[PDB]
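For reference, the chains in residue letters:
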Amino acid sequence: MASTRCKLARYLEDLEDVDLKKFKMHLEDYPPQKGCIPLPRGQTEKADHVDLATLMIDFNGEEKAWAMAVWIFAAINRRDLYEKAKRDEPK
């Protein structure tokens, strides 16, 4: 009826081109949080925009993946995106 994978792709695509590069560099440069596993660069860089959403939903899960998606926007100063993201995020 409505795959969410296509929805997240529209968000990472609706971001600015220069901001797109900052989202990946910030993800690969993610510091350790608690014995967390570092994301292999060859996997993320080789992962396409659609495939990228598959590693976040498949490896981190829909609950944790969203936590990383919202916490990163506040980092690049995009609080306005959190107000809309919370309204467009399905329950």
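What counts and how
- Residues numbered from 1 in each chain as written, not as in the entry; some residues may be left out.
- Heavy atoms only, no water.
- Axes fitted to C-alpha atoms, helices over the stretch in contact; angles between N-to-C directions.
- Helix = DSSP H or I, 4+ residues; strand = E, 2+ residues; numbered from the N terminus.
- Parallel < 35°, antiparallel > 145°, perpendicular 65-115°, else oblique.
- Contact = heavy atoms within 4.5 Å.
- Nonpolar A, V, L, I, M, F, W, Y, C, P; charged D, E, K, R; others polar.
- Salt bridge = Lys/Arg side-chain N within 4 Å of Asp/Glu carboxyl O.
- Buried < 20%, exposed > 50% of the residue type's maximum accessible area, 1.4 Å probe, protein only.

Per the PDB record, the structure was determined using solution NMR.

Caption draft 1: Local environment of the packing of helix α2 (residues 17-28) against helix α4 (residues 49-75). Between α2 and α4, the least distance of the axes is 12 Å, while the angle of their chain directions is 110°. The angle between α2 and α4 falls in the class roughly perpendicular. Contacts between α2 and α4 involve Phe-23, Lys-24, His-26 and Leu-27 from the first element and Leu-52, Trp-71, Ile-72, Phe-73 and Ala-75 from the second. Across the contact of α2 with α4, the residue classes break down as seven nonpolar, one polar and one charged.

Caption draft 2: Layout of the pattern of salt bridges. With the rule as written, the count across this model stands at one salt bridge. With a shortest N-O distance of 4.0 Å, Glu-28 and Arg-41 are connected by a salt bridge. With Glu-28 in helix α2 and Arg-41 in helix α3 (residues 41-46), this pair connects stretches of sequence that are 13 residues apart. By relative accessible area, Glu-28 is classed as partly exposed at 22%.

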